[PDB]
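Scroll down for the structure; my scribbles are underneath it.
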Amino acid sequence: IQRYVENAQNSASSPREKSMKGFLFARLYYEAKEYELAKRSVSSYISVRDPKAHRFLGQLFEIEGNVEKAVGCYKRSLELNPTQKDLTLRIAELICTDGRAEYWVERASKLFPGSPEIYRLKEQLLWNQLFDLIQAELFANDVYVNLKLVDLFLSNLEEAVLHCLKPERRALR
Amino acid sequence: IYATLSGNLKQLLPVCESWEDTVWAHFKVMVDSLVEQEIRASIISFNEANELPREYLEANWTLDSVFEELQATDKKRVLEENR
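So the protein lines, in turn, are chains U and i.
If you count by PDB author numbering, then the first sequence holds residues 8 to 55, 58 to 106, 111 to 139, 147 to 160, 163 to 178, 181 to 197, one letter each, in order.
Going from the second sequence to PDB author numbering is simple: count from 1 and add 417.
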C-alpha cells in the first residue's frame, strides 16, 4: 500500500497537473484513514471529469451543512459534462435553502415522475398548475397524486373532491 | 498511411476518395483529436512528448460539421454522392 502512494507522489511531483495521481491519492486516503487529507487531495485534483472526486467533496460539504459549496461542486460537475449524474439533486436542494429551484425539481420529475420527495420539495418551492400536474401524474392507481392534486384544487376543486371520494371508496372496497 | 495514423489528412490519394472513404478519414481525425484532448485533460501526456503541438489540429469538429464539409464538392456544388 505504501509503495502505491510513493509511485503516486512521484507521479504528482513530475507530471504536476496530474489529476489522476491526485484523485488516486484521495482514493488511497479513503483506503487509508485521514479524510481531511484525502478531501484536500480531491480538491487539488479538481483544481488541476472524475465522479468520485466530485462526490467525495460534495458529500463532505453536504454533511458540513454547506449546501452552497455542495451546489458549487455539483453544478461544475454537471456543466463540465465529463461523466456524472447525482449532482442534479444537490443543486435543487441548495436552491431550496425558490424560483431557481422550481427549474431543477421540475426537470427531476420529467426524469422520474414517481419521485416523491421531489414532488414535495416542488410543492414547497411553489393551485391550477398543481391540479394539471396531478392530472398528468394521475393520467399516467396513485392515491397521493389524487390527494395532492385535490388539495391544490381546494386551495384554488369539486372535481378533486370527487376524485378523493372515489379513492376513499376504492380503499373501502 | 502515416497521415491516417497521425489523424491528419493526405492529398494526392484523396483525389480518388469517395464519400464513404472521405467520411472515414475525417471521422478518424475527430477520434484521434478527441482521445488526445482527454489524455491531456487527464494529465496523462508528458510535456517532453509535445515535439510538434503547433503542427497538429487541437480542435475537433462536431459530427454535423463532418457531414456538412464532406457534403460540399471541391468545386462548390452539392456532392452528387451526398445528394
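Just so you know, even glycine gets a beta-carbon here, dropped at the ideal spot from N, CA and C.
Check each candidate in the options and name the one with the smallest Cα separation from residue i.
i: residue 477 (chain i); options: i:430, i:420, i:419, i:424; result: i:424
i: residue 48 (chain U); options: U:12, U:178, U:83, U:132; result: U:12
i: residue 18 (chain U); options: U:148, U:166, U:52; result: U:52
i: residue 448 (chain i); options: i:434, i:431, i:479; result: i:479
i: residue 88 (chain U); options: U:72, U:63, U:156; result: U:63
i: residue 151 (chain U); options: U:131, U:185, U:121; result: U:185
i: residue 44 (chain U); options: U:177, U:66, U:27, U:60; result: U:66
i: residue 114 (chain U); options: U:94, U:124, U:131, U:95; result: U:131
i: residue 39 (chain U); options: U:159, U:101, U:9, U:104; result: U:9
i: residue 166 (chain U); options: U:176, U:129, U:98, U:125; result: U:129
i: residue 138 (chain U); options: U:188, U:86, U:117, U:124; result: U:117
i: residue 34 (chain U); options: U:23, U:50, U:21; result: U:50
i: residue 70 (chain U); options: U:147, U:192, U:55, U:100; result: U:100
i: residue 20 (chain U); options: i:419, i:460, i:451; result: i:460
Can you tell me whether residue i is helix, strand or coil according to DSSP?
i: residue 489 (chain i); result: strand
i: residue 440 (chain i); result: helix
i: residue 495 (chain i); result: strand
i: residue 185 (chain U); result: helix
i: residue 154 (chain U); result: helix
i: residue 73 (chain U); result: coil
i: residue 113 (chain U); result: helix
i: residue 125 (chain U); result: coil
i: residue 22 (chain U); result: coil
i: residue 423 (chain i); result: helix
i: residue 190 (chain U); result: helix
i: residue 477 (chain i); result: coil
i: residue 500 (chain i); result: coil
i: residue 435 (chain i); result: coil
i: residue 429 (chain i); result: coil
i: residue 92 (chain U); result: coil
i: residue 139 (chain U); result: coil
i: residue 134 (chain U); result: helix
i: residue 178 (chain U); result: coil
i: residue 468 (chain i); result: coil
i: residue 39 (chain U); result: coil
Please return the same chain residues whose Cβ sits closer than 6 Å to the Cβ of residue i, not counting the five positions on each side in sequence.
i: residue 31 (chain U); result: 15
i: residue 76 (chain U); result: 103, 106
i: residue 58 (chain U); result: 91, 92
i: residue 56 (chain U); result: Residue 56 (chain U) falls within a stretch that is absent from the model, since chain U runs 55 to 58 with no residues between.
i: residue 148 (chain U); result: 178
Using a Cβ cut-off of 7 Å, pull out every chain B residue sitting near residue i, in sequence order please.
i: residue 460 (chain i); result: In summary, chain B is missing from the structure at hand, where the protein chains are U and i.
Within its chain, find whatever has a CB closer than 8 Å to the CB of residue i; leave out the 5 residues flanking it on each side and keep chain order.
i: residue 164 (chain U); result: 127
i: residue 435 (chain i); result: 498
i: residue 487 (chain i); result: 436, 439, 440, 443, 496, 499
i: residue 119 (chain U); result: 135
i: residue 37 (chain U); result: 45, 65
i: residue 96 (chain U); result: 63, 67, 82, 83, 84, 86, 87
i: residue 188 (chain U); result: 168, 169, 172
i: residue 24 (chain U); result: 55
Residues in its own chain within less than 7 Å of residue i by CB, not counting five upstream and five downstream?
i: residue 60 (chain U); result: 92, 93
i: residue 456 (chain i); result: 462
i: residue 471 (chain i); result: none
i: residue 158 (chain U); result: 167, 168, 171
i: residue 183 (chain U); result: 175
Going along the chain, which residues of the segment 32-55 of chain U sit with their C-beta nearer than 7 Å to a C-beta in chain i? 55
If contact means a Cβ-Cβ distance below 7 Å, which residues of the segment 9-23 of chain U contact chain i? 22
Taking beta-carbon pairs under 7 Å, can you tell me which members of the segment 463-492 of chain i lie near chain U? 463
Using a Cβ cut-off of 9 Å, which residues of the segment 113-128 of chain U contact any Cβ in chain i, in chain order? none
At a Cβ cut of 8 Å, what residues of the segment 58-72 of chain U count as close to chain i, listed as they run along the chain? 58
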